[PDB]
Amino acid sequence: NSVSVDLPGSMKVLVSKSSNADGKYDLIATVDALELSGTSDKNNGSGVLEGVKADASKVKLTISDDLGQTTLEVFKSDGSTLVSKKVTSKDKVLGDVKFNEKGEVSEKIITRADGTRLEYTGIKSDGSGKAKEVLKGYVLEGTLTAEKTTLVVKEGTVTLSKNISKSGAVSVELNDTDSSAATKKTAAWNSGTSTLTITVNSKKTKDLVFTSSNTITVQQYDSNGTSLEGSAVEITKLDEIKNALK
């Protein structure tokens, strides 16, 4: 009769064992308390399903085999003004979009495959908003623009900026308003090694690595800056990042 198929999210779609006379498969999905039904040309679980909420909100679930992506849309009663959109991509990144009363984006949470998050709130029509990154053990705060996300960590005269481009590319820069040549920090960034090298007084002092694990490590140079010493230490607290900027 029917066969069940597991879906990204905690969702399941029951699909017809065989296609009807028009070549199509019947799809039934239960998503939380919602019952959704639809059709598809394939037997694997891809397709589009629709349902209605108790309060007349319209719901649409789209499963795209070509991208392995599942999109759950909740609309107002018109079926067009968006209330919420949840997208799980095939690499298990989650996007959780909230809309204002005119159906425009106002918030988005991106959850990475490891569970760290980018939280965008107060999003405006120009693509600007407040940004926050939720890492393991600490949170980075900053701003969103249509050009980039900028998370900032300040320590005295030093500002560390972690930038995430619209395409997702990371860069880091260090700005120090200290004007004494003996103490002012400057820094150079390498995207390929994901490393910020901090210099003071023409001597390297430490490398900050921004790991593909979404962690930060710090490794000291010797006091003459001629060599890295010891081994890199993974940051676990915001206090430790600020300490690195003293």
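So that the term is clear: the rigid core is the largest set of C-alpha atoms that superpose within 1.5 Å between two forms. Counting begins at 1, following the sequence as shown.
- Displacement analysis by core superposition in 4 other deposited structures of this protein ranks 59-67 above the other of 27-35 and 59-67 in root-mean-square C-alpha distance from the shown form.
- For the pair 140-148 and 76-84, rigid core superposition yields a higher RMS C-alpha distance in 4 other deposited structures of this protein in 76-84.
- Comparing 155-163 with 172-180, the stretch with the higher mean C-alpha B-factor in the PDB entry is 172-180.
- Between 62-70 and 216-224, it is 62-70 that carries the larger average Cα temperature factor according to the deposited entry.
- When the C-alpha B-factors of 187, 208, 31, 49 are ranked from the entry, the top spot goes to 31.
- Residue 141: CA B factor lies in the middle third for its chain, per the PDB record.
- When the modelled residues of the chain are ordered by their C-alpha B factor, residue 148 lands in the middle third.
- Ranked by Cα temperature factor within the chain, residue 200 sits in the lowest third according to the deposited record.
- Residue 121 sits in the lowest third of its chain by CA B factor, as recorded in the PDB entry.
- In this PDB entry, the Cα temperature factor of residue 85 sits in the bottom third of its chain's modelled residues, the lowest group.
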